[PDB]
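Visitor: The structure is given below, and queries will be raised subsequently.
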Amino acid sequence: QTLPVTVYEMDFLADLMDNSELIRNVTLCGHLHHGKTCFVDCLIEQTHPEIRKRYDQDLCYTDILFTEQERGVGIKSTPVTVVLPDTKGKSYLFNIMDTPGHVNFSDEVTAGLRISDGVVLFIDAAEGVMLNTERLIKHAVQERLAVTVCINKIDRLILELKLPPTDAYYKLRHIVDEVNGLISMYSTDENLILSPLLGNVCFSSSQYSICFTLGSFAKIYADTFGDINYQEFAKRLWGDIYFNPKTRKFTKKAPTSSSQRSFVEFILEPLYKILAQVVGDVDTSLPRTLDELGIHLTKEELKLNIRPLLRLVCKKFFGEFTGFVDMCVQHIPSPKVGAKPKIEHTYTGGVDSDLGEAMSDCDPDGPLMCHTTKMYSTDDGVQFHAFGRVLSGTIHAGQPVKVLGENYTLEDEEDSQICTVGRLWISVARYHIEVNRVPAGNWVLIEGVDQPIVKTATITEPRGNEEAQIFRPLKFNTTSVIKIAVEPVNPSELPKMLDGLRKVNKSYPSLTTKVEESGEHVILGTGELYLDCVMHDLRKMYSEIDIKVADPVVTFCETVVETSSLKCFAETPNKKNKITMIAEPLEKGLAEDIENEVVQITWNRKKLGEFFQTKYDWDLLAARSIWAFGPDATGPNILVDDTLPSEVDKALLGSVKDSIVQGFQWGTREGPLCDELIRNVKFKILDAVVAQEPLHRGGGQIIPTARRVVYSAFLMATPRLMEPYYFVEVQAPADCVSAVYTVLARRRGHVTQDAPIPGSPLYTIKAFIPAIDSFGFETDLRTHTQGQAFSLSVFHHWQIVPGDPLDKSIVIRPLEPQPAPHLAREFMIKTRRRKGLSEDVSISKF
Amino acid sequence: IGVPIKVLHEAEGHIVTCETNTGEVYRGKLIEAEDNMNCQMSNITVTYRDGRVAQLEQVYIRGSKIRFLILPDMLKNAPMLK
Amino acid sequence: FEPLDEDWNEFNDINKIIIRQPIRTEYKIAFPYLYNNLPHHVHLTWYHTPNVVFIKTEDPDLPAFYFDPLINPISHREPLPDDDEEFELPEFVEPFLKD
Amino acid sequence: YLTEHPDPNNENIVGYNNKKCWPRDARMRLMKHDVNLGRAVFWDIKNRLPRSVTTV
Ligand SMILES: Nc1nc2c(ncn2[C@@H]2O[C@H](COP(=O)(O)OP(=O)(O)OP(=O)(O)O)[C@@H](O)[C@H]2O)c(=O)[nH]1
Ligand SMILES: [Mg+2]
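Chains as they are written, first to last, in PDB author numbering: chain F, 107 to 952; chain L, 3 to 84; chain P, 279 to 282, 290 to 362, 369 to 390; chain X, 1113 to 1168.
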């Protein structure tokens, strides 16, 4: 096969995969536009002699789609596999996943954190900590990965702000302190202190190829002057420690008043002087500086423009990126060491199983266990390639394997298939290297299994491994709430669109496409640019037809506020057994504790009740009476028992509860108002008259009956609607802040925080907005503030829509923005009309 | 520093076997190696001069007493040797 | 520019559409595939560039690296080893480019 | 009508003769029930005439 020229032999990369101690699985992440893909470009140019950046444009080696080239943002997380040397000279295998930093593509990061062991967070030195950085610290800690932070774009402290050296040091220290605070807020482990003293924080400028920790710059001193222990000298170039030039020692007190810190004196001021002598004094004193630092340039190399000459001088000075390799080796575990928390967190059945102890050793021979999370398209768009990691065993080209879906259990055995692998590749961004086998510990790109795979899959052996269970599905960071509806223009081309509607379902992890009862094809999404890319990929790649799209709306939910006025009783049509229920709302903050798994089912009734009686102050009769919660396995609704044992025999009532929970599950999704999920309710059984014969206790009589019980209890207790609220952070100059207050005033929002950025003239505005008002919001700010303000929106919470959704006295004139009391009625009626229900629902319907 | 010391630092993490001036052959995974030939090794099968096979789990060999080392065979594609 | 007749349907029913904010032309131009039917010859616009925070120099007598009061102030406030374990540099070792 | 002529893709909207001289809210609104009723009416009238004698 043909391959570009590489500084290492490909047989060395083939033989280096067999040792799982020299492999690192790293995910690069961060906020939007902080320097991820350019750092990957610098690594690719480090490994390849023939790939060079243009003098006017960026390279973007790992942005291979045309949408990423026209938009200028990252859309798809792309892997690359390289071999890099460290400071000591030892070669290491890196599997690097470049993930996008935009918030609406946060699902592209969660698919990247499942198949990796360490996180490298890029932070802009000028802007600092932002929204998606704060969300990704939480999401990377809760997924139990190691965390390192690299501070990119330090030259914006030099060439844009023109900032004094100790003030730039204070800016960097403030960024590191805010990162340590965001680590310590969500972690219970105290051994996660990030500091450059520990080799844990790197400094970089992606535009001019600058990358250093303390140890690499100490190695530069050791290569320049000699006879200096660089591992000891790098331990004192940070913090309040001073060099005393008389004693030639490092003391913690000031020799003079003009004494600078050691980081300013030995590291940061030579960086200022290099950049200043390249930019300002190229004509007079640059050859004196380049003769002093030991750098020789050709006469044609001196005649370049300022930015490529600065890139060339910093590349000749700093050289290879050894500090990043030192950080990723020292503080990110190998897959042989870090396999145990990965199997403990991601494998169903626990690490204490028989197969879990076999997978915890990273054994390259034995049972084949692979977990594929990502699906990549070809050039033609007719077939997909799966992408995942090999947890155990060794996968072979041509080996018949078994593909396990996300609905597979040992009891069912329905969601499974036997397939044949065509080829195996290891992935670089713009080319692929074909191999015949991949051992355990690496990443793998599998051809020929793409037919049963929807979101993720588990690749196992056909014979043996009969106790194999699937891994957990992806737990996404946010909730997709935007509804759009699609139709084809020519109605005879409906089987074509249903092709593409299941093809973009594979390449997008958080995408949800469904078919309503009225025949509408509804696609869920997270934002405007997300569904823009959905439409581009859909049409131009998988449909080649014309598709009509409707106006976007958001997903509503249903709730109660007051206690029900009357006890809701209902019988089965067998007229033997009766169930009576009171519906009440939950307390503030309990639903959010159920959703974040602070409270859980399958606990052995003790700690569960102690939570309710400790924090929210439930009684012992109330804490010891939960039957189940949620329509989904952790949903925010509770089925509660208030049936006294003096009136209802609890030994016979515990037999029908297995059907009453199926009833409550099937009826807390698709509620009675507009067929949506119920929020923040406890459904409390007070009276139950249970049948005596077992044939009258069947589920076919009682499950629609318990459905009608839940519906009657919900409709009596003053039902309301709930809409999602987005959290919005706006980066803007100090003059357009009043214009931001002006624009947010007309979309029913409110500003919660207005804070200046330390070390920057730009301000941050943090606010909450309704999601249905957020259409064109970014365009309104970027038009009204002359393009200076910029905004991002994530899903934050749910609140009650103002108005009565059952007030039939309200008349609604069409095509007019209604005021505040008419909103719940308008939303409820128009969603019923859109989904295909009746014009109204009555109180005595159920 | 020359080439064979860089080849020694490359063989860390793999299985090497060393013979020293006391005629004893130590086989196992090399953990650490310096500029001088001080070799920290682990999971060691030990062959004496008479022929007894022993199991020693942490060995630190001084580089002065070393006769020679025997390296893996896939280091012929290492970058410093090409 | 000069240009380069739709019946009612189940799809474009205005009793289903919630009119909250009026959709403008620049919404259809910024995101040309979400709000447009038949997008034949559109081009994807450039999304965003980070805000250049460069401050112009108005006084030639000031130093080039000066804490301009246009910049917001930084609100001021670690395992450091002890002084007694004395690490001494050699005599000819200096910081880079001190001349 | 739908017993002999099934419509799985809802294709009976395309091919519907409509009067373009009126405004959009003034002419016939093409809801699916009314279009199916119109197709059924024209089918029931067309069945009563032998195609060798006359043709609609
Ligand atoms: N001043 C300066 N600009 C930089 C530096 N690194 C990157 N940039 C610029 O910032 C812009 C965005 O860089 P990217 O690397 O595309 O940003 P990104 O992090 O890939 O954005 P995502 O697509 O979210 O991953 C480009 O114009 C880069 O040239 C740096 O060190 N200094
Ligand atoms: Mg990028």
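Note that beta-carbon positions come from the ideal geometry of N, C-alpha and C, so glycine has one too.
How big is the Cα-Cα spacing for F/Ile438 and F/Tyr336?
Guide: Translated into positions along the first sequence, residue 438 of chain F becomes position 332. Translated into positions along the first sequence, residue 336 of chain F becomes position 230. Each residue's alpha carbon lies about 22 Å from the other.
Visitor: What's the C-alpha gap between F/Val917 and F/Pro601?
Guide: Reading the first sequence from its first residue, position 811 is the one you call residue 917 of chain F. Reading the first sequence from its first residue, position 495 is the one you call residue 601 of chain F. Cα to Cα, F/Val917 sits roughly 41 Å from F/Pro601.
Visitor: Shorter than 7 Å, the distance from the beta carbon of F/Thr143 to the closest heavy atom of ligand 2, or not?
Guide: Working through the first sequence from its first residue, we reach residue 143 of chain F at position 37. Yes, since a heavy atom of ligand 2 falls inside the 7 Å radius drawn around the Cβ of F/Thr143.
Visitor: Hey, which unbroken runs of the alpha helix (DSSP H) at 4 residues or more fall wholly within the region 306-330 of chain P?
Guide: Listed in chain order, the complete alpha helix (DSSP H) runs (minimum 4 residues) inside the region 306-330 of chain P are 310-315.
Visitor: When you measure from the CB of F/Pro206 to every non-hydrogen atom of ligand 2, does any distance come out below 7 Å?
Guide: For this step, residue 206 of chain F is matched to residue 100 along the first sequence. True, at least one ligand heavy atom lies under 7 Å from that Cβ.
Visitor: Comparing the C-beta of residue 957 of chain F with each C-beta of chain L, is any distance below 8 Å?
Guide: Residue 957 of chain F lies beyond the range of chain F shown here (107 to 952); nothing can be said about it.
Visitor: Using a cut-off of 8 Å between C-beta atoms, extract the partners of F/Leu263 located in chain L.
Guide: Along the first sequence, read from residue 1 onward, the residue named residue 263 of chain F stands at position 157. Per Cβ cutoff of 8 Å: no residues; F/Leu263 is ~36 Å from chain L at best.
Visitor: May I ask whether a heavy atom of ligand 3 can be found less than 7 Å away from the beta carbon of F/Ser312?
Guide: Among the ligands present in this structure, namely ligand 1 and ligand 2, ligand 3 is not found.
Visitor: Grouping DSSP H, G and I as helix and E and B as strand, with all else coil, what is L/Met39?
Guide: Start at 1 with the first residue of the second sequence, and residue 39 of chain L comes out as number 37. If DSSP states are grouped into helix, strand and coil, L/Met39 belongs with coil.
Visitor: By Cβ distance below 6 Å, which residues in the same chain neighbour F/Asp230 in space, the five residues on each side in sequence not counted?
Guide: In the first sequence, residue 230 of chain F corresponds to position 124, counting from 1. If we look at F/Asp230 and ignore the five residues flanking it on each side, its Cβ neighbours are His140 and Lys259.
Visitor: With DSSP as the reference, label F/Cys256 as helix, strand or coil.
Guide: Here residue 256 of chain F is taken as the residue at index 150 of the first sequence, counted from 1. Strand, per DSSP.
Visitor: Compare the Cα-Cα distances from F/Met822 to each of F/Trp549, F/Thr678, F/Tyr453 and F/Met687 and report the closest residue.
Guide: As a first step, residue 822 of chain F is located in the first sequence; it is residue number 716 there, counting from the start. Selected option, being the one with the closest Cα: F/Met687.
Visitor: With C-beta atoms as the reference, is F/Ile202 less than 8 Å away from F/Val132?
Guide: Here residue 202 of chain F refers to the residue found at position 96 when the first sequence is read from its first residue. Here residue 132 of chain F refers to the residue found at position 26 when the first sequence is read from its first residue. Cβ distance < 8 Å, so F/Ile202 and F/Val132 count as in contact.
Visitor: Closer than 7 Å by C-beta to F/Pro302: which residues in its own chain qualify, once you throw out the five before and the five after it? Chain order, please.
Guide: On the first sequence, residue 302 of chain F is found 196 positions in, with the first residue counted as 1. So the qualifying residues of the chain are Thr319, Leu320 and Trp344.
Visitor: Would you list the one or two residues that DSSP bridges to F/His140?
Guide: Counting from 1 along the first sequence, the entry for residue 140 of chain F is found at position 34. Paired residues: none, contrary to the question.
Visitor: Are F/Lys341 and F/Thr193 close, meaning C-beta to C-beta below 8 Å?
Guide: Taking the first sequence and counting its residues from 1, the one referred to as residue 341 of chain F is at position 235. Taking the first sequence and counting its residues from 1, the one referred to as residue 193 of chain F is at position 87. No, they are not a contact pair.
Visitor: Below 7 Å between beta carbons is the criterion; list the residues of the region 862-876 of chain F that meet it against any residue of chain P, in chain order.
Guide: The region 862-876 of chain F vs chain P, Cβ under 7 Å: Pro862, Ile863, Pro864, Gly865, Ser866, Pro867 and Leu868.
Visitor: List the residues of chain F that residue 85 of chain L touches, going by C-beta distances under 8 Å, in chain order.
Guide: The question about residue 85 of chain L has no answer here: the residues shown for chain L are numbered 3 through 84.
Visitor: For a contact meaning CB atoms closer than 9 Å, what does F/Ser598 contact in chain X?
Guide: For the purposes of this step, residue 598 of chain F is taken as residue 492 along the first sequence, with counting starting at 1. Under the 9 Å cutoff, chain X gives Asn1121, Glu1123 and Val1126.
Visitor: I'd like the span of the beta strand (DSSP E) that includes X/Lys1132, first residue to last.
Guide: Along the fourth sequence, read from residue 1 onward, the residue named residue 1132 of chain X stands at position 20. Where X/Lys1132 is concerned, there is no enclosing beta strand (DSSP E), given that its DSSP letter is neither H nor E.
Visitor: For F/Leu392, which residues of its own chain have a beta-carbon under 7 Å away from its beta-carbon, when the five flanking residues on both sides are left out?
Guide: For the purposes of this step, residue 392 of chain F is identified with residue 286 of the first sequence, where counting begins at 1. Taken in chain order, the residues that qualify are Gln383 and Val384.
Visitor: Tell me whether the beta-carbon of F/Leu898 lies closer than 8 Å to the beta-carbon of F/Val209.
Guide: Looking up residue 898 of chain F in the first sequence gives position 792. Looking up residue 209 of chain F in the first sequence gives position 103. The answer is yes: Cβ separation under 8 Å.
Visitor: Enumerated in chain order, which unbroken segments of the beta strand (DSSP E) with a length of 3 residues or greater are wholly contained in the region 501-546 of chain F?
Guide: As far as the region 501-546 of chain F is concerned, its whole beta strand (DSSP E) runs of at least 3 residues are 506-510, 522-526, 530-533 and 538-541.
Visitor: Suppose you measure from the CA of F/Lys159 to the CA of F/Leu149; what does that come to, to the nearest Å?
Guide: For this step, residue 159 of chain F is matched to residue 53 along the first sequence. For this step, residue 149 of chain F is matched to residue 43 along the first sequence. Approximately 12 Å between the Cα atoms of the pair.
Visitor: When the cut-off is 8 Å and only beta carbons count, does X/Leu1114 lie next to chain P?
Guide: Taking the first residue of the fourth sequence as 1, we reach residue 1114 of chain X at position 2. So no, X/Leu1114 is outside the interface.
Visitor: Taking Cβ positions, are F/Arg826 and F/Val705 nearer each other than 8 Å?
Guide: Within the first sequence, residue 826 of chain F is the residue found at index 720, counting from 1. Within the first sequence, residue 705 of chain F is the residue found at index 599, counting from 1. No. Outside cutoff.
Visitor: Determine the closest residue to F/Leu750 out of F/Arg730, F/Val370, F/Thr740 and F/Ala734, with distance taken between C-alpha atoms.
Guide: Counting from 1 along the first sequence, the entry for residue 750 of chain F is found at position 644. Selected option, being the one with the closest Cα: F/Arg730.
Visitor: In the region 811-879 of chain F, which residue ranges form an unbroken alpha helix (DSSP H) of at least 4 residues, counting only runs that do not cross its ends?
Guide: With a minimum length of 4 residues, the continuous alpha helix (DSSP H) runs that stay inside the region 811-879 of chain F are 843-850.
Visitor: Run through chain F and tell me which residues come within less than 8 Å of P/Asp374, C-beta to C-beta.
Guide: For the purposes of this step, residue 374 of chain P is taken as residue 83 along the third sequence, with counting starting at 1. Per Cβ cutoff of 8 Å: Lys355, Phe356, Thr357 and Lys358.
Visitor: First and last residue of the beta strand (DSSP E) that includes F/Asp230?
Guide: As a working mapping, residue 230 of chain F is identified with position 124 in the first sequence. Per DSSP, F/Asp230 belongs to the beta strand (DSSP E) from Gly224 to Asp230.
Visitor: How many angstroms separate the CA atom of L/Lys84 from the CA atom of F/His642?
Guide: What you label residue 84 of chain L is simply residue 82 of the second sequence in a count that begins at 1. What you label residue 642 of chain F is simply residue 536 of the first sequence in a count that begins at 1. Their backbone Cα atoms lie some 48 Å apart in a straight line.
Visitor: Give a yes or no on whether the C-beta atoms belonging to F/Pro270 and P/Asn357 are separated by under 8 Å.
Guide: For the purposes of this step, residue 270 of chain F is taken as the residue at position 164 of the first sequence. For the purposes of this step, residue 357 of chain P is taken as the residue at position 72 of the third sequence. Their beta carbons are not under 8 Å apart, which means F/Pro270 does not touch P/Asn357 by this criterion.
Visitor: Quick check on F/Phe901: does DSSP put it in helix, strand or coil?
Guide: In the first sequence, the residue the question calls residue 901 of chain F occupies position 795. It is a strand residue.
Visitor: Please find out if some non-hydrogen atom of ligand 2 comes closer than 7 Å to the beta-carbon of F/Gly218.
Guide: If you number the first sequence from 1, residue 218 of chain F lands on position 112. Not so, every heavy atom of ligand 2 lies at least 7 Å from the Cβ.
Visitor: Expressed to the nearest angstrom, what Euclidean distance is found between the alpha-carbon atoms of F/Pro911 and F/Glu932?
Guide: Residue mapping note: residue 911 of chain F aligns to position 805 of the first sequence, counting from 1. Residue mapping note: residue 932 of chain F aligns to position 826 of the first sequence, counting from 1. F/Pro911 and F/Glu932: Cα-Cα distance of roughly 8 Å.
Visitor: Which stretch, first to last residue, makes up the alpha helix (DSSP H) that contains F/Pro271?
Guide: Taking the first residue of the first sequence as position 1, residue 271 of chain F is located at position 165. First-last of the alpha helix (DSSP H) with F/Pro271: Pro271 to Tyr292.
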